[PDB]
file coords-v3.cif (mmCIF, N, CA and C atoms and all ligand atoms)
data_entry
#
loop_
_atom_site.label_atom_id
_atom_site.label_comp_id
_atom_site.auth_asym_id
_atom_site.auth_seq_id
_atom_site.Cartn_x
_atom_site.Cartn_y
_atom_site.Cartn_z
N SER A 7 71.83 44.24 64.68
CA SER A 7 71.17 44.78 63.48
C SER A 7 70.68 43.64 62.57
N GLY A 8 69.70 43.94 61.72
CA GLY A 8 69.11 42.96 60.81
C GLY A 8 67.67 43.29 60.45
N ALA A 9 67.20 42.80 59.30
CA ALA A 9 65.83 43.08 58.84
C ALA A 9 65.25 41.88 58.04
N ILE A 10 63.92 41.86 57.82
CA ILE A 10 63.20 40.86 57.01
C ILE A 10 62.69 41.59 55.74
N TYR A 11 63.03 41.08 54.58
CA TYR A 11 62.65 41.68 53.31
C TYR A 11 61.66 40.75 52.61
N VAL A 12 60.37 41.11 52.59
CA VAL A 12 59.30 40.32 51.99
C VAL A 12 58.46 41.21 51.09
N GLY A 13 58.38 40.87 49.80
CA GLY A 13 57.66 41.67 48.83
C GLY A 13 58.22 43.08 48.77
N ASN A 14 57.35 44.08 48.84
CA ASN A 14 57.80 45.46 48.84
C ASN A 14 57.92 46.00 50.30
N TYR A 15 58.23 45.13 51.28
CA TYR A 15 58.36 45.55 52.69
C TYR A 15 59.71 45.22 53.31
N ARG A 16 60.11 46.05 54.27
CA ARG A 16 61.29 45.84 55.09
C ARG A 16 60.80 45.86 56.54
N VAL A 17 61.04 44.78 57.30
CA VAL A 17 60.63 44.71 58.71
C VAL A 17 61.85 44.84 59.58
N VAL A 18 61.86 45.80 60.48
CA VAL A 18 63.01 46.04 61.36
C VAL A 18 62.54 46.26 62.82
N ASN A 19 63.49 46.24 63.80
CA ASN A 19 63.16 46.63 65.18
C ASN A 19 62.84 48.12 65.14
N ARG A 20 61.71 48.52 65.70
CA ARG A 20 61.31 49.93 65.71
C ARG A 20 62.40 50.85 66.31
N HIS A 21 63.08 50.43 67.40
CA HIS A 21 64.14 51.26 68.02
C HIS A 21 65.40 51.44 67.15
N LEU A 22 65.52 50.64 66.09
CA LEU A 22 66.65 50.72 65.19
C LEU A 22 66.27 51.27 63.79
N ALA A 23 65.00 51.68 63.58
CA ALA A 23 64.57 52.21 62.29
C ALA A 23 65.38 53.45 61.89
N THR A 24 65.62 53.63 60.59
CA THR A 24 66.39 54.77 60.05
C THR A 24 65.46 55.95 59.61
N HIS A 25 66.06 57.08 59.11
CA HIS A 25 65.25 58.19 58.60
C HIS A 25 64.44 57.72 57.39
N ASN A 26 65.07 56.92 56.51
CA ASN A 26 64.45 56.35 55.32
C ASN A 26 63.23 55.52 55.67
N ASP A 27 63.36 54.60 56.65
CA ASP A 27 62.26 53.78 57.16
C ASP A 27 61.08 54.66 57.59
N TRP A 28 61.34 55.70 58.40
CA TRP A 28 60.27 56.58 58.87
C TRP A 28 59.64 57.42 57.73
N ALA A 29 60.44 57.80 56.73
CA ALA A 29 59.96 58.57 55.57
C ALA A 29 59.13 57.70 54.59
N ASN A 30 59.29 56.37 54.67
CA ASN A 30 58.60 55.37 53.85
C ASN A 30 57.80 54.39 54.76
N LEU A 31 57.28 54.91 55.88
CA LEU A 31 56.52 54.18 56.90
C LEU A 31 55.25 53.55 56.32
N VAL A 32 54.99 52.26 56.65
CA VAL A 32 53.76 51.56 56.32
C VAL A 32 52.96 51.34 57.65
N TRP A 33 53.65 50.85 58.68
CA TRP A 33 53.07 50.56 59.99
C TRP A 33 54.19 50.47 61.05
N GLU A 34 53.89 50.88 62.27
CA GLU A 34 54.83 50.75 63.39
C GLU A 34 54.01 50.53 64.68
N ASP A 35 54.58 49.80 65.62
CA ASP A 35 53.93 49.53 66.89
C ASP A 35 54.99 49.50 67.99
N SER A 36 55.06 50.58 68.79
CA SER A 36 56.03 50.70 69.87
C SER A 36 55.88 49.54 70.88
N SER A 37 54.62 49.09 71.12
CA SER A 37 54.40 48.01 72.10
C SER A 37 54.98 46.66 71.62
N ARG A 38 55.23 46.51 70.31
CA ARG A 38 55.82 45.29 69.72
C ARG A 38 57.29 45.47 69.33
N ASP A 39 57.81 46.72 69.37
CA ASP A 39 59.16 47.08 68.92
C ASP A 39 59.29 46.73 67.42
N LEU A 40 58.22 46.93 66.61
CA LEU A 40 58.31 46.67 65.15
C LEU A 40 58.00 47.90 64.32
N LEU A 41 58.64 47.99 63.17
CA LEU A 41 58.36 49.03 62.19
C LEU A 41 58.52 48.36 60.84
N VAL A 42 57.61 48.66 59.91
CA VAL A 42 57.61 48.15 58.55
C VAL A 42 57.67 49.35 57.59
N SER A 43 58.69 49.37 56.74
CA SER A 43 58.84 50.42 55.73
C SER A 43 58.73 49.83 54.32
N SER A 44 58.42 50.68 53.32
CA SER A 44 58.30 50.24 51.93
C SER A 44 59.64 50.23 51.20
N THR A 45 59.79 49.35 50.21
CA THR A 45 61.03 49.26 49.43
C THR A 45 60.71 49.23 47.95
N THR A 46 61.65 49.72 47.13
CA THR A 46 61.48 49.68 45.68
C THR A 46 61.80 48.27 45.17
N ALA A 47 62.88 47.66 45.70
CA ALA A 47 63.26 46.33 45.28
C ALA A 47 62.41 45.27 45.95
N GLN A 48 62.22 44.16 45.25
CA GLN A 48 61.40 43.05 45.70
C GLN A 48 62.18 42.10 46.62
N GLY A 49 61.62 41.86 47.81
CA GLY A 49 62.16 40.96 48.83
C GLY A 49 61.69 39.53 48.62
N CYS A 50 62.50 38.55 49.04
CA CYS A 50 62.14 37.15 48.82
C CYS A 50 62.11 36.29 50.09
N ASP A 51 62.09 36.92 51.29
CA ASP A 51 62.00 36.12 52.52
C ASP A 51 60.55 35.58 52.60
N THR A 52 60.40 34.37 53.03
CA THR A 52 59.11 33.72 53.20
C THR A 52 58.71 33.83 54.67
N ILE A 53 57.48 34.26 54.97
CA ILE A 53 57.02 34.34 56.35
C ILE A 53 56.25 33.08 56.72
N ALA A 54 56.53 32.52 57.91
CA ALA A 54 55.85 31.33 58.42
C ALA A 54 54.43 31.70 58.90
N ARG A 55 53.47 30.81 58.66
CA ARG A 55 52.08 30.95 59.10
C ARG A 55 51.79 29.65 59.86
N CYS A 56 52.16 29.60 61.15
CA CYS A 56 52.12 28.38 61.95
C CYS A 56 52.09 28.72 63.46
N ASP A 57 52.11 27.67 64.33
CA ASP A 57 52.25 27.83 65.77
C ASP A 57 53.49 27.04 66.27
N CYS A 58 54.56 26.94 65.44
CA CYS A 58 55.82 26.28 65.84
C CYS A 58 56.36 26.90 67.13
N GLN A 59 56.93 26.09 67.97
CA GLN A 59 57.61 26.56 69.17
C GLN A 59 59.07 26.10 69.17
N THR A 60 59.63 25.69 68.01
CA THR A 60 61.03 25.31 67.83
C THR A 60 61.50 25.96 66.54
N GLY A 61 62.78 26.31 66.54
CA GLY A 61 63.35 26.98 65.38
C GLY A 61 64.84 27.23 65.55
N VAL A 62 65.42 28.04 64.66
CA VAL A 62 66.84 28.38 64.70
C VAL A 62 66.99 29.91 64.55
N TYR A 63 67.77 30.56 65.43
CA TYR A 63 67.99 32.01 65.32
C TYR A 63 69.47 32.36 65.04
N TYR A 64 69.72 33.50 64.40
CA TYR A 64 71.08 33.93 64.13
C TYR A 64 71.52 34.83 65.27
N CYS A 65 72.65 34.48 65.92
CA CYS A 65 73.20 35.26 67.03
C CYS A 65 74.48 35.95 66.53
N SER A 66 74.37 37.26 66.20
CA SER A 66 75.51 37.99 65.66
C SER A 66 76.70 38.13 66.63
N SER A 67 76.46 38.21 67.96
CA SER A 67 77.57 38.29 68.96
C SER A 67 78.42 36.99 69.07
N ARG A 68 78.01 35.94 68.37
CA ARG A 68 78.78 34.70 68.32
C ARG A 68 79.06 34.25 66.87
N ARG A 69 78.54 34.99 65.85
CA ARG A 69 78.58 34.65 64.43
C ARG A 69 78.10 33.19 64.22
N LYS A 70 77.00 32.82 64.91
CA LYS A 70 76.51 31.43 64.86
C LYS A 70 74.98 31.39 64.89
N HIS A 71 74.39 30.29 64.39
CA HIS A 71 72.97 30.01 64.47
C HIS A 71 72.78 28.99 65.62
N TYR A 72 71.71 29.14 66.38
CA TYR A 72 71.42 28.25 67.50
C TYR A 72 70.00 27.70 67.41
N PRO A 73 69.84 26.39 67.67
CA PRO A 73 68.47 25.83 67.75
C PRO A 73 67.81 26.20 69.11
N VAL A 74 66.50 26.55 69.12
CA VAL A 74 65.81 26.96 70.35
C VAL A 74 64.39 26.46 70.42
N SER A 75 63.90 26.25 71.65
CA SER A 75 62.48 26.06 71.93
C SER A 75 62.07 27.47 72.42
N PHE A 76 60.92 27.97 71.99
CA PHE A 76 60.49 29.31 72.40
C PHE A 76 59.04 29.30 72.82
N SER A 77 58.64 30.30 73.64
CA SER A 77 57.29 30.34 74.18
C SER A 77 56.30 30.93 73.13
N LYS A 78 54.99 30.87 73.40
CA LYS A 78 54.00 31.45 72.48
C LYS A 78 53.95 32.99 72.63
N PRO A 79 53.60 33.74 71.56
CA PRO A 79 53.58 35.21 71.67
C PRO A 79 52.74 35.72 72.83
N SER A 80 53.35 36.55 73.69
CA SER A 80 52.66 37.04 74.87
C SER A 80 53.18 38.42 75.34
N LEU A 81 52.50 39.02 76.35
CA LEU A 81 52.85 40.31 76.96
C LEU A 81 53.91 40.01 78.02
N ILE A 82 55.08 40.74 77.95
CA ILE A 82 56.28 40.50 78.85
C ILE A 82 57.14 41.77 79.20
N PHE A 83 57.53 41.95 80.47
CA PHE A 83 58.28 43.14 80.94
C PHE A 83 59.65 43.36 80.29
N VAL A 84 60.01 44.63 80.08
CA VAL A 84 61.27 45.01 79.40
C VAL A 84 61.76 46.32 80.00
N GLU A 85 62.99 46.31 80.49
CA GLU A 85 63.57 47.46 81.19
C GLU A 85 63.85 48.64 80.26
N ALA A 86 64.11 49.81 80.84
CA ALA A 86 64.28 51.05 80.05
C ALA A 86 65.50 51.08 79.11
N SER A 87 65.65 52.19 78.37
CA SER A 87 66.74 52.25 77.37
C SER A 87 66.72 53.58 76.61
N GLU A 88 67.81 53.90 75.93
CA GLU A 88 67.84 55.11 75.05
C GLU A 88 66.52 55.09 74.24
N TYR A 89 65.81 53.94 74.16
CA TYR A 89 64.61 53.76 73.27
C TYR A 89 63.25 53.65 74.00
N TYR A 90 63.13 52.93 75.11
CA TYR A 90 61.79 52.74 75.74
C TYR A 90 61.84 52.75 77.26
N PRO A 91 60.69 52.93 77.92
CA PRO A 91 60.66 52.80 79.35
C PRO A 91 60.12 51.46 79.81
N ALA A 92 60.35 51.15 81.09
CA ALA A 92 59.78 49.90 81.61
C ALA A 92 58.36 49.75 81.05
N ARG A 93 58.03 48.59 80.51
CA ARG A 93 56.68 48.35 79.96
C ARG A 93 56.49 46.90 79.58
N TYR A 94 55.27 46.58 79.21
CA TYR A 94 55.02 45.24 78.69
C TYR A 94 55.15 45.31 77.17
N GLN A 95 55.95 44.42 76.59
CA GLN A 95 56.08 44.32 75.15
C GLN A 95 55.18 43.16 74.72
N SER A 96 54.28 43.40 73.77
CA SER A 96 53.35 42.36 73.32
C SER A 96 53.92 41.55 72.14
N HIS A 97 53.33 40.36 71.88
CA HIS A 97 53.74 39.49 70.77
C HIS A 97 55.21 39.05 70.89
N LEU A 98 55.69 38.90 72.12
CA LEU A 98 57.09 38.54 72.38
C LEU A 98 57.19 37.06 72.74
N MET A 99 58.27 36.39 72.30
CA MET A 99 58.47 34.95 72.55
C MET A 99 59.83 34.76 73.17
N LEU A 100 59.93 34.07 74.33
CA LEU A 100 61.22 33.90 74.97
C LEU A 100 61.79 32.51 74.74
N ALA A 101 63.12 32.42 74.76
CA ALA A 101 63.87 31.18 74.65
C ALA A 101 65.12 31.26 75.53
N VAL A 102 65.62 30.11 75.93
CA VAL A 102 66.87 30.01 76.65
C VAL A 102 67.95 30.03 75.57
N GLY A 103 68.76 31.07 75.59
CA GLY A 103 69.81 31.25 74.60
C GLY A 103 70.62 32.50 74.84
N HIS A 104 71.77 32.58 74.19
CA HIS A 104 72.62 33.74 74.29
C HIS A 104 72.14 34.90 73.40
N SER A 105 72.23 36.11 73.95
CA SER A 105 71.96 37.37 73.29
C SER A 105 72.56 38.49 74.15
N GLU A 106 73.07 39.53 73.51
CA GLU A 106 73.60 40.70 74.18
C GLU A 106 73.30 41.93 73.30
N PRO A 107 73.37 43.18 73.84
CA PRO A 107 73.10 44.36 72.98
C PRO A 107 73.94 44.29 71.70
N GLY A 108 73.27 44.49 70.58
CA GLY A 108 73.84 44.32 69.24
C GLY A 108 73.21 43.15 68.50
N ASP A 109 72.55 42.22 69.23
CA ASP A 109 71.93 41.06 68.61
C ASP A 109 70.54 41.30 68.04
N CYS A 110 69.91 42.46 68.32
CA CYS A 110 68.55 42.72 67.78
C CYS A 110 68.55 42.63 66.25
N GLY A 111 67.48 42.11 65.67
CA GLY A 111 67.40 42.03 64.21
C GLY A 111 67.78 40.67 63.64
N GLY A 112 68.43 39.83 64.45
CA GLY A 112 68.74 38.46 64.02
C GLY A 112 67.45 37.67 63.79
N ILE A 113 67.36 36.95 62.69
CA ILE A 113 66.13 36.24 62.32
C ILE A 113 65.97 34.92 63.03
N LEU A 114 64.72 34.60 63.42
CA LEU A 114 64.33 33.31 63.98
C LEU A 114 63.51 32.62 62.86
N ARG A 115 63.86 31.38 62.50
CA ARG A 115 63.20 30.66 61.43
C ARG A 115 62.81 29.25 61.88
N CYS A 116 61.70 28.72 61.35
CA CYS A 116 61.30 27.33 61.57
C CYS A 116 61.27 26.67 60.15
N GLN A 117 60.86 25.40 60.01
CA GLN A 117 60.75 24.75 58.69
C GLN A 117 59.79 25.51 57.73
N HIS A 118 58.83 26.30 58.28
CA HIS A 118 57.85 27.02 57.46
C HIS A 118 58.34 28.39 56.96
N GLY A 119 59.43 28.91 57.53
CA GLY A 119 59.94 30.22 57.13
C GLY A 119 60.29 31.15 58.28
N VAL A 120 60.26 32.46 58.05
CA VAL A 120 60.61 33.47 59.03
C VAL A 120 59.55 33.61 60.12
N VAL A 121 59.96 33.43 61.39
CA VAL A 121 59.07 33.51 62.55
C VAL A 121 59.06 34.91 63.18
N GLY A 122 60.25 35.48 63.34
CA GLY A 122 60.38 36.79 63.96
C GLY A 122 61.80 37.27 64.01
N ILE A 123 62.05 38.33 64.80
CA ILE A 123 63.41 38.85 64.93
C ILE A 123 63.78 39.09 66.38
N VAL A 124 65.07 38.95 66.71
CA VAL A 124 65.53 39.23 68.07
C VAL A 124 65.17 40.66 68.48
N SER A 125 64.59 40.82 69.66
CA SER A 125 64.16 42.12 70.14
C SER A 125 64.59 42.42 71.58
N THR A 126 64.64 41.40 72.47
CA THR A 126 65.06 41.57 73.88
C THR A 126 66.02 40.41 74.28
N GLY A 127 66.59 40.49 75.48
CA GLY A 127 67.42 39.43 76.01
C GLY A 127 68.04 39.78 77.34
N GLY A 128 68.82 38.86 77.85
CA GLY A 128 69.54 39.06 79.10
C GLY A 128 69.23 37.97 80.08
N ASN A 129 70.25 37.55 80.86
CA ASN A 129 70.15 36.52 81.89
C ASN A 129 70.11 35.09 81.31
N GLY A 130 70.73 34.89 80.16
CA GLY A 130 70.70 33.61 79.48
C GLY A 130 69.41 33.40 78.71
N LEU A 131 68.65 34.47 78.46
CA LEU A 131 67.41 34.43 77.71
C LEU A 131 67.51 35.30 76.45
N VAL A 132 66.66 35.02 75.45
CA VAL A 132 66.56 35.83 74.26
C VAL A 132 65.06 35.93 73.92
N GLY A 133 64.61 37.14 73.58
CA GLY A 133 63.24 37.42 73.20
C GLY A 133 63.12 37.79 71.73
N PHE A 134 62.08 37.26 71.04
CA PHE A 134 61.85 37.49 69.61
C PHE A 134 60.51 38.17 69.41
N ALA A 135 60.47 39.20 68.56
CA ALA A 135 59.24 39.88 68.19
C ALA A 135 58.60 39.02 67.08
N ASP A 136 57.43 38.42 67.36
CA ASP A 136 56.74 37.59 66.37
C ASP A 136 56.22 38.39 65.20
N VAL A 137 56.25 37.81 63.97
CA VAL A 137 55.68 38.50 62.78
C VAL A 137 54.66 37.61 62.03
N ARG A 138 54.40 36.38 62.54
CA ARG A 138 53.52 35.40 61.88
C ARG A 138 52.07 35.83 61.76
N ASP A 139 51.62 36.72 62.65
CA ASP A 139 50.24 37.22 62.60
C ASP A 139 50.02 38.36 61.59
N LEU A 140 51.11 38.95 61.04
CA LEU A 140 51.03 40.06 60.07
C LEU A 140 50.78 39.52 58.69
N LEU A 141 49.55 39.04 58.47
CA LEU A 141 49.19 38.39 57.21
C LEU A 141 49.32 39.31 56.00
N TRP A 142 49.22 40.65 56.21
CA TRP A 142 49.30 41.64 55.12
C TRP A 142 50.70 41.74 54.49
N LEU A 143 51.75 41.23 55.16
CA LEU A 143 53.11 41.25 54.62
C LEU A 143 53.21 40.50 53.27
N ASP A 144 52.29 39.54 53.03
CA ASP A 144 52.24 38.73 51.82
C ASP A 144 51.44 39.35 50.71
N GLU A 145 50.40 40.13 51.03
CA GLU A 145 49.56 40.74 50.00
C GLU A 145 49.80 42.23 49.82
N1 LIG B 1 62.68 47.09 74.47
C1 LIG B 1 63.27 46.25 73.64
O1 LIG B 1 62.64 45.51 72.87
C2 LIG B 1 64.79 46.22 73.68
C3 LIG B 1 65.40 47.55 73.22
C4 LIG B 1 66.93 47.52 73.26
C5 LIG B 1 67.43 47.05 74.61
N2 LIG B 1 66.79 45.78 75.01
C6 LIG B 1 67.45 44.66 75.35
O2 LIG B 1 66.86 43.66 75.74
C7 LIG B 1 68.97 44.71 75.26
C8 LIG B 1 69.64 43.43 75.70
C9 LIG B 1 70.31 43.36 76.92
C10 LIG B 1 70.98 42.21 77.30
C11 LIG B 1 71.01 41.12 76.46
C12 LIG B 1 70.36 41.17 75.23
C13 LIG B 1 69.68 42.32 74.87
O3 LIG B 1 68.94 42.44 73.71
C14 LIG B 1 69.32 42.00 72.50
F1 LIG B 1 69.28 40.67 72.46
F2 LIG B 1 68.12 42.04 71.90
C15 LIG B 1 65.33 45.85 75.06
ZN ZN B 2 56.56 26.83 61.69
#
call {"tool": "encode", "arguments": {"input": "coords-v3.cif", "output": "structure tokens"}}
result
Amino acid sequence: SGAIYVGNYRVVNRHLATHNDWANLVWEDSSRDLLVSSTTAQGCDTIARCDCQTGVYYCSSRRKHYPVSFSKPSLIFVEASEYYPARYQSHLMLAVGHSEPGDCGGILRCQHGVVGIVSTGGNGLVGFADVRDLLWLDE
């Protein structure tokens, strides 16, 4: 679990969105596993606007942060679940690192700010849903 709070927005994994998130929906994309809902309180997370391929992510199954090299946002296969069927998830970035069910929502950050959130994993890999292209999160 975990979310990004920037301005009047809350960014979460679409498969983990709540009734409140859906009732205050701004945008959602099943192919990216992202949902953005509106908030009354002002968020202060800074979003990165860069092409960094190195950063640090929070791994809740170890209560630790890990440094990672990650790939550029791309289309990548993801097995079924209480939430989705086999499909290509777009805007996904992979890294060699630990992740297990329960780790979704952990933030990935570089020197410029928030890069994305944990969305997939398995086999010694971790996948992050990129948010750097969502320029509207700032305005
Ligand atoms: N379709 C999706 O984006 C995910 C929906 C929930 C299920 N998905 C996973 O990958 C679950 C998973 C399995 C083994 C290790 C780590 C895992 O993820 C965690 F890091 F994000 C896929
Ligand atoms: Zn950066």
call {"tool": "closest_residue", "arguments": {"input": "coords-v3.cif", "among": "A:123, A:58, A:92, A:47", "to": "residue 19 of chain A", "atoms": "only C-alpha atoms"}}
result
A:123
call {"tool": "residues_near_ligand", "arguments": {"input": "coords-v3.cif", "ligand": "ligand ZN 2 (chain B)", "cutoff": "8 Å", "atoms": "only C-alpha atoms and all ligand atoms", "output": "VMD selection string"}}
result
chain A and resid 54 to 61 115 to 119 121
call {"tool": "closest_residue", "arguments": {"input": "coords-v3.cif", "among": "A:12, A:137, A:32, A:63", "to": "residue 113 of chain A", "atoms": "all atoms listed in the file"}}
result
A:63
call {"tool": "closest_atom_pairs", "arguments": {"input": "coords-v3.cif", "of": "chain A", "to": "ligand LIG 1 (chain B)", "cutoff": "8 Å", "atoms": "only N, CA and C atoms and all ligand atoms", "output": "CSV"}}
result
residue,atom,partner,partner_atom,distance
A:19,CA,B:LIG1,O1,7.8
A:20,N,B:LIG1,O1,7.8
A:21,CA,B:LIG1,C3,6.5
A:22,N,B:LIG1,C3,7.8
A:37,C,B:LIG1,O1,7.8
A:38,C,B:LIG1,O1,6.4
A:39,CA,B:LIG1,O1,5.5
A:40,N,B:LIG1,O1,7.8
A:83,C,B:LIG1,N1,7.5
A:84,CA,B:LIG1,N1,5.5
A:85,N,B:LIG1,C15,5.9
A:86,C,B:LIG1,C5,6.3
A:87,CA,B:LIG1,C5,5.9
A:88,N,B:LIG1,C4,7.0
A:89,CA,B:LIG1,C3,6.3
A:90,CA,B:LIG1,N1,5.9
A:91,N,B:LIG1,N1,7.1
A:93,N,B:LIG1,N1,7.8
A:95,CA,B:LIG1,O1,7.0
A:104,C,B:LIG1,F1,6.5
A:105,C,B:LIG1,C12,3.6
A:106,CA,B:LIG1,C12,3.4
A:107,N,B:LIG1,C12,3.9
A:108,N,B:LIG1,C14,5.0
A:109,N,B:LIG1,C14,4.6
A:110,N,B:LIG1,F2,4.0
A:111,N,B:LIG1,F2,6.3
A:112,N,B:LIG1,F2,7.8
A:123,C,B:LIG1,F2,7.6
A:124,C,B:LIG1,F2,4.7
A:125,C,B:LIG1,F2,3.6
A:126,CA,B:LIG1,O2,3.3
A:127,N,B:LIG1,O2,3.2
A:128,N,B:LIG1,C11,3.4
A:129,N,B:LIG1,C11,5.7
A:130,N,B:LIG1,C11,7.3
A:131,C,B:LIG1,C12,6.6
A:132,CA,B:LIG1,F1,5.8
A:133,N,B:LIG1,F1,6.0
A:134,N,B:LIG1,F2,7.8
A:135,N,B:LIG1,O1,7.9
call {"tool": "closest_residue", "arguments": {"input": "coords-v3.cif", "among": "A:64, A:45, A:17, A:73", "to": "residue 30 of chain A", "atoms": "all atoms listed in the file"}}
result
A:45
call {"tool": "closest_residue", "arguments": {"input": "coords-v3.cif", "among": "A:114, A:82, A:98, A:31", "to": "residue 43 of chain A", "atoms": "only N, CA and C atoms"}}
result
A:31
call {"tool": "closest_residue", "arguments": {"input": "coords-v3.cif", "among": "A:23, A:102, A:141, A:50", "to": "residue 8 of chain A", "atoms": "only C-alpha atoms"}}
result
A:23
call {"tool": "closest_residue", "arguments": {"input": "coords-v3.cif", "among": "A:78, A:69, A:25, A:16", "to": "residue 100 of chain A", "atoms": "only C-alpha atoms"}}
result
A:78
call {"tool": "atom_distance", "arguments": {"input": "coords-v3.cif", "atom1": "atom N of residue 142 of chain A", "atom2": "atom N of residue 29 of chain A"}}
result
20.5 Å
call {"tool": "select_by_dssp", "arguments": {"input": "coords-v3.cif", "residues": "segment 7-140 of chain A", "states": "alpha helix (DSSP H)", "output": "list in words"}}
result
residues 25, 26, 27, 28 and 29 of chain A
call {"tool": "atom_distance", "arguments": {"input": "coords-v3.cif", "atom1": "atom CA of residue 80 of chain A", "atom2": "atom CA of residue 96 of chain A"}}
result
5.6 Å
call {"tool": "select_by_dssp", "arguments": {"input": "coords-v3.cif", "residues": "chain A", "states": "strand (DSSP E or B)", "output": "ChimeraX atom specification"}}
result
/A:10-19,31-35,40-50,53,60-65,70-76,80-84,93-102,113-116,119-127,131-136
call {"tool": "atom_distance", "arguments": {"input": "coords-v3.cif", "atom1": "atom N of residue 11 of chain A", "atom2": "atom N of residue 53 of chain A"}}
result
8.8 Å
call {"tool": "decode", "arguments": {"input": "coords-v3.cif", "residues": "segment 75-86 of chain A", "atoms": "N, CA, C and O atoms", "output": "CSV table (one decimal), in the first residue's frame"}}
result
chain,number,residue,atom,x,y,z
A,75,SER,N,18.8,0.6,-10.4
A,75,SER,CA,18.9,1.0,-11.8
A,75,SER,C,17.6,0.5,-12.4
A,75,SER,O,17.2,-0.6,-12.1
A,76,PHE,N,16.9,1.3,-13.2
A,76,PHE,CA,15.6,0.8,-13.7
A,76,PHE,C,15.5,1.1,-15.2
A,76,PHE,O,16.2,2.0,-15.7
A,77,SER,N,14.7,0.4,-16.0
A,77,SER,CA,14.6,0.6,-17.4
A,77,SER,C,13.7,1.8,-17.8
A,77,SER,O,13.1,2.4,-16.9
A,78,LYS,N,13.6,2.2,-19.1
A,78,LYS,CA,12.8,3.3,-19.5
A,78,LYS,C,11.3,2.8,-19.6
A,78,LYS,O,11.1,1.6,-19.8
A,79,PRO,N,10.3,3.7,-19.4
A,79,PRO,CA,8.9,3.3,-19.4
A,79,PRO,C,8.6,2.6,-20.7
A,79,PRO,O,8.8,3.1,-21.8
A,80,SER,N,8.0,1.4,-20.6
A,80,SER,CA,7.7,0.6,-21.8
A,80,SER,C,6.5,-0.4,-21.5
A,80,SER,O,5.9,-0.4,-20.4
A,81,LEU,N,6.0,-1.1,-22.6
A,81,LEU,CA,4.9,-2.0,-22.6
A,81,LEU,C,5.5,-3.4,-22.1
A,81,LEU,O,6.3,-3.9,-22.9
A,82,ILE,N,4.9,-4.0,-21.1
A,82,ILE,CA,5.5,-5.3,-20.4
A,82,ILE,C,4.4,-6.3,-19.8
A,82,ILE,O,3.5,-5.8,-19.2
A,83,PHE,N,4.5,-7.6,-20.1
A,83,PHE,CA,3.6,-8.6,-19.7
A,83,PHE,C,3.4,-8.7,-18.2
A,83,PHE,O,4.3,-8.6,-17.4
A,84,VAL,N,2.1,-9.0,-17.7
A,84,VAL,CA,1.8,-9.1,-16.3
A,84,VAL,C,0.7,-10.1,-16.1
A,84,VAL,O,-0.4,-10.0,-16.7
A,85,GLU,N,0.9,-11.1,-15.3
A,85,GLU,CA,0.0,-12.3,-15.1
A,85,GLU,C,-1.3,-11.9,-14.4
A,85,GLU,O,-1.3,-10.8,-13.8
A,86,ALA,N,-2.3,-12.7,-14.5
A,86,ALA,CA,-3.6,-12.4,-13.9
A,86,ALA,C,-3.7,-12.2,-12.4
A,86,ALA,O,-2.7,-12.4,-11.7
